[PDB]
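Enquirer: Sequence, then structure. It's an experimental one.
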Amino acid sequence: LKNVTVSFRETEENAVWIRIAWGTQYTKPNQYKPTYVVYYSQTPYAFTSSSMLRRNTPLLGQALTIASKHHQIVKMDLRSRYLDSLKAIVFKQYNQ
Amino acid sequence: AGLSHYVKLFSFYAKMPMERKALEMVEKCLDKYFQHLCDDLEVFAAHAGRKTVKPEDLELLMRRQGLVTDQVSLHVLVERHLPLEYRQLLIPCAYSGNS
Amino acid sequence: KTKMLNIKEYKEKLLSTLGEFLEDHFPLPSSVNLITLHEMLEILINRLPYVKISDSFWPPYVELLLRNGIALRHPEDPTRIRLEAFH
Amino acid sequence: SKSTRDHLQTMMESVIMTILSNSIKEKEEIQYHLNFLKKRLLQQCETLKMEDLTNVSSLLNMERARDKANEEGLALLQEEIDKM
Amino acid sequence: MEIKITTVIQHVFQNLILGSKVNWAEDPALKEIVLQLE
Amino acid sequence: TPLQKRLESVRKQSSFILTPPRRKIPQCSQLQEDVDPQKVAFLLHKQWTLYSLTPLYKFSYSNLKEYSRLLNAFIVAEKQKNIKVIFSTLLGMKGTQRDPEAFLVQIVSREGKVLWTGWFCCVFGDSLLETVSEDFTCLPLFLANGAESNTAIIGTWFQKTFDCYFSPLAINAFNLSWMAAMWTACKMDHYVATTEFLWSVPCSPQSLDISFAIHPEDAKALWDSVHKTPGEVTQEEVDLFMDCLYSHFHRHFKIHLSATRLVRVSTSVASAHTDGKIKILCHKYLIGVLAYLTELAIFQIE
Amino acid sequence: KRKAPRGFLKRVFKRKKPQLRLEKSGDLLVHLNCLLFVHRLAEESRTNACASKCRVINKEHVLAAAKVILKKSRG
Amino acid sequence: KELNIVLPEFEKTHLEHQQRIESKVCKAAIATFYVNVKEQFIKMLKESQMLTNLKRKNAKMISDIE
Amino acid sequence: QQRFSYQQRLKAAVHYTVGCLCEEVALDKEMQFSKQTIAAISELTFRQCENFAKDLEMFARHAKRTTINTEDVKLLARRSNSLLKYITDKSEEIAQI
Amino acid sequence: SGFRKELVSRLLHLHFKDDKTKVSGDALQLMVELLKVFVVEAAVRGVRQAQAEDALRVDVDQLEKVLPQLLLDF
DNA sequence: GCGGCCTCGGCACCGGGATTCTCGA
DNA sequence: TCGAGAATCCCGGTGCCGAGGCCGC
């Protein structure tokens, strides 16, 4: 995806807040509907804004799992609107 | 005063809410409008060779502003915007005593 | 039929006065006497028209029956006149 | 496509402008040729974009140059990736 | 089709003995023709 | 006869004498006469917000232009407090020949951007025709779909000029379950959408909603399990279909769905809500779905 | 607003330029000129607002309006 | 396709105008107008080539995606 | 016919002399005027020469006069400051002739 | 060179709505000047908005964007 | 701190992307 | 058998009316 505006923001909770504006080589990067990816820094779990689920989603996971030195990216199939609750669930951080 | 009259009339002429900061700049627009007009009436009345500014001295100017045409003459333009007691002074009515 | 004759005589009252009192107005310097100019407007509105004078002359007169509300200018092409549609 | 061929014949009329600038000595004769050009209108338009055509086509040609660059880059980096 | 002319010529008497130099009601002819009954 | 017949009807209705309406499965309603294919097809997949409309006094299906102007000049005046109003008789949205012909009210904005598209229909509503006098052209159903603001303006105009009153038709979960059952009993093919039942549990602090969406062919085979008498569906058959849903949901999630209330029953025939924004008309059964809807509107009027 | 100030336009025509002889109702013509100039301002500023799709007229639309209409209204 | 028939009609139109021509300078003006019409037909052929290049881009908008 | 032979012949004359002007002004800023560019600027000269003729006639009518003199075109030059300054010196050069 | 005398007589007199109005050679050569600077001004405004876009060609659209201030100004 | 004013936002109806599955290289 | 085109299931990304806030009397 040669024309993308990837903008990171290392938050203070130690979780890089990637934002990706997509666009193929034929088009300019589209900032109308970006795909924010909240990758917790050294965590195997990397939240993702389920914007459109295009052909970039298997490239979103692929780039995520190759940037962080992992090998397999799996959609957990956890899909919630409350990221502050997904953070609790996937980390078991809510009852502790 | 009169500039405040026109900015208030702007409200009922733009049919849409604006900002006061827009109004003091349209005040400079009216000030420059006169800064072009009163010396445009100056030069047009001098072009006619007359010291005073007769109504036809301004009809030519409004022809310059493209608002008087062969379709829209001077007097018809008075119909559409000026009130009756004011156009009674401008466009000649008839009583066998046309104004 | 009685209402027909009554309305007809009311018409010959109004129009007789339109001949008489309009000599208090009375024509002056083709122009077209305001009786004739008015009745040319009135004939046109009777069957519809928006032109009705195609800018009849003596401009003091054409704008006379415009300020009092007798006639109306065409809202788009203001060289043609209509008689305000009192119908 | 009526307005498009009206722009065609305005280019025709610009060329007419040019010839009349160069000719100017055939006034009745180019009256005749403007006559045959007007019935040429009546023969083509009656029977039957361009600035967007030319400009957008040049823009899209630069776009296809950019696309060939995209294929050069992506395909070659795919050759290197699958070479790995 | 005649009263519709009699409601047109009538209302151009309410608009001609108004806009002109009328001296409308200080006259005994017009006073019965002006104030035209509907 | 002119009123006392309606009083006796009110007596019969309030008596509540053994109601269970064994209803005929909505029969394939071959589009009667004209039924403008473009218009009706435009009117199908639109989410009509139902209302109950009392009979219109002094209405006539000849003076459509006069009402169109009278309402157009009223809507744009409510903007003073760009729009065209096209009253259009539908010519075929009627159950029997004696029903009043359904007519539309469309807020057409330049192009044909139909903002509101009202719809009054009276199909198989001969429980109201035989009780009201001739002066009233009764159309119990009113169909909105435009914004609620424009509906609450055209409704006011209709109250002002026709003495008709719009109660927002609310299909109770009982009637909702009924229609959810007779629509999976239909003889259709190529099911457009899954048979979804949007439940909504009555919890006081929270408002959990359930979408018990069944595969449309799978619900037809489940309906055939509880369908024994053909031609007409009974209240017990409807309740057994709904209880097979209950015993497939409480079986799975251990929460008694029967303790909840239906709020929306999407079906391949026609979606149907509760709060009013009810009738989507996916298939061309709309003379039967509208038959049920008008029969329900009589219940509210009468 | 249904007014046209007799005094204000005359005072402006005298303050700005001290040497003229504007006729009995010539200031009424000046008011008509300004009325139509502000008409053009209002309409072309509405066009400017739709150009940026701003639902309120602001400074950045009026300044663009001025350089078109004020220059156009020059004799 | 239709461009060849249009060019043939334009040449036939120029030939018919030359059949009714009156002078040698008028023939030169007609030849210049025919060259202008050839330029217009070249613009039409450039529009056809732009359609072909847009088809290539559509293939190029899928090959790159592939 | 006569309207066409009138305005097309002067469209030709305008294009011819304006093309001479195009070669005369293209040498300043090393520019080239394309065929449609010349065709446009010629017809704007034509269309706004209509405007100048509309203005200039009523300019003479304004001074209760039938002929067009230098003050009329000075009022035509009244429009813009930059060409007020340009036309002032070009007008004193007119008076030199 | 310029826009000559027998052509400036003819072009201006075409738009003349009456036959009895003439423009003198003293004013005629100045009319030559004012429309010559019509070409000069339209061309300089076009090439100025061209360097503003940094072009080596004056295209169709540049002239169309210069009319809203060309006809307004000139 | 209220009176007619205004501005976010849940719900919901209408507009393209990828999966079905039919047809051509 | 397979490759591009169309339609349509799945859920957006948008449109648009009540709720909350807010400034004279």
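Expert: Great, that's in hand. Numbers count the residues shown, from 1 in each chain, chains lettered A, B, ... in the order given.
Enquirer: For chain D, which segments are assigned as strands?
Expert: Assigned by DSSP state E, chain D shows no strands.
Enquirer: Closest approach to chain A from it, which residue is it?
Expert: Residue of chain D nearest chain A, by Cβ to the nearest Cβ: residue D:70 (3.6 Å). Heads up, the C-betas are built off the backbone N, CA and C, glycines and all.
Enquirer: contacting residues for that residue?
Expert: By Cβ atoms under 8 Å, 6 or more residues apart in numbering or on different chains, the residues touching residue D:70 are A:2, A:25, A:26, H:64.
Enquirer: in chain A, which residue is closest to the centre?
Expert: By Cα atoms, centre = their mean, chain A has its centre lying nearest to residue A:37, at 2.3 Å.
Enquirer: Surely that one is in a strand?
Expert: Yes. Under the criterion used here (DSSP: H, G, I helix; E, B strand; the rest coil), residue A:37 sits inside a strand.
Enquirer: In three-state terms, label residue F:196 for me.
Expert: Going by three-state DSSP: residue F:196 is strand.
Enquirer: so who does the most centrally placed residue in chain B touch?
Expert: Geometric centre of chain B, nearest residue: residue B:62, 8.1 Å, by Cα atoms, centre = their mean. By Cβ under 8 Å, 6+ apart, the contact list for residue B:62 reads B:68, B:74, B:77, G:32, G:33, G:36.
Enquirer: hmm, back to that, the residue of chain D closest to chain A and residue D:84, how far apart?
Expert: 21 Å (Cβ to Cβ, to the nearest Å).
Enquirer: likewise residue B:91?
Expert: Looking at residue B:91 against residue D:84, where the rule is Cβ to Cβ, the gap reads 89 Å.
Enquirer: Neighbour count for the two, which is higher?
Expert: Between residue B:91 and residue D:84, counting by other Cβ atoms under 10 Å in any protein chain shown, residue B:91 is the more crowded of the two (23 against 5).
Enquirer: residues in contact with that one?
Expert: Shown in contact with residue B:91 (Cβ under 8 Å, 6+ apart): B:75, B:78, B:79, B:99, C:63, C:67.
Enquirer: quick one: which two of these are the most distant?
Expert: B:79 and B:99 (15.0 Å; Cβ to Cβ).
Enquirer: quick one: which of the two has more around it?
Expert: residue B:79 (17 against 13).
Enquirer: which secondary structure element contains the more buried one?
Expert: helix B:74-81 (DSSP states H and E).
Enquirer: Dump the C-alpha coordinates for that helix into CSV.
Expert: Output of helix B:74-81 as CSV, limited to C-alpha atoms (Å, rounded to 0.1, in the frame of the first residue of the first chain):
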residue,chain,number,x,y,z
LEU,B,74,-33.4,53.3,-13.8
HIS,B,75,-37.0,53.7,-12.7
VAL,B,76,-37.8,50.0,-12.6
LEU,B,77,-34.9,49.5,-10.3
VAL,B,78,-36.7,51.9,-7.9
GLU,B,79,-39.8,49.8,-7.9
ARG,B,80,-38.1,46.7,-6.6
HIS,B,81,-36.3,48.1,-3.5
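Enquirer: Does it reach chain G?
Expert: Yes. Using Cβ under 8 Å from any Cβ of the partner chain, helix B:74-81 reaches chain G at B:77, B:78, B:81.
Enquirer: In contact with residue F:237: list those residues for me.
Expert: F:181, F:226, F:227, F:228, F:229.
Enquirer: Now find how far off-centre the lengthiest helix in chain B is within its chain.
Expert: Looking across chain B with DSSP state H, the single longest helix is helix B:20-47. Its chain's C-alpha centre and that of helix B:20-47 lie 11 Å apart, by Cα atoms, centre = their mean, to the nearest Å.
Enquirer: so which strand or helix has the residue in chain C that chain B sits nearest to?
Expert: Proximity of chain C to chain B (Cβ to the nearest Cβ) peaks at residue C:60, 3.9 Å away. Assigned by DSSP H and E, residue C:60 falls within helix C:59-67.
Enquirer: what lines up beside the helix or strand that that helix is followed by in the sheet?
Expert: Downstream of helix C:59-67, the first helix or strand assigned by DSSP H and E is strand C:72-73. Here strand C:72-73 has these sheet partners by DSSP bridges: strand C:81-82 (antiparallel).
Enquirer: Now residue G:3: closest residue in space, sequence neighbours ignored.
Expert: Once flanking residues are discounted, residue G:3 sits nearest to residue B:5: 6.4 Å by Cβ to Cβ, 6 or more residues apart in numbering or on different chains.
Enquirer: what's the longest helix of chain B packed up against?
Expert: Counting contacts by 3 or more Cβ pairs under 8 Å, 6 or more residues apart in numbering or on different chains; DSSP states H and E, helix B:20-47 packs against helix B:2-14, strand B:52-53, helix B:55-64, helix G:6-16, helix G:26-52, helix G:59-72, helix I:35-62, helix I:70-76.
Enquirer: tell me which residues in the helix holding residue B:79 are buried?
Expert: For helix B:74-81, a neighbour-count test (16 or more other Cβ atoms under 10 Å in any protein chain shown) marks B:74, B:75, B:76, B:77, B:78, B:79 as buried.
Enquirer: So what touches it?
Expert: Contacts of helix B:74-81 (Cβ under 8 Å, 6+ apart): B:55, B:59, B:62, B:67-68, B:87, B:90-91, C:59, C:63, C:66, C:73, C:78, G:32, G:35-36, G:39.
Enquirer: rewinding a little: could you double-check that the residue nearest to the centre of chain A sits in contact with residue A:46?
Expert: Yes. Between residue A:37 and residue A:46 there is a contact at 6.3 Å, judged by Cβ atoms under 8 Å.
Enquirer: list residues touching both of those two?
Expert: Listed as contacting both residue A:37 and residue A:46 by Cβ under 8 Å, 6+ apart are residue A:64.
Enquirer: which residues in chain E form helices?
Expert: Secondary structure of chain E (DSSP H): helices located at E:3-6, E:16-19, E:30-33.
Enquirer: Tell me which of these sits most buried.
Expert: helix E:16-19 (a mean of 20; mean count of other Cβ atoms under 10 Å in any protein chain shown).
Enquirer: That helix: how far from the chain's middle?
Expert: Averaging C-alpha positions (Cα atoms, centre = their mean) puts helix E:16-19 8 Å from its chain's average.
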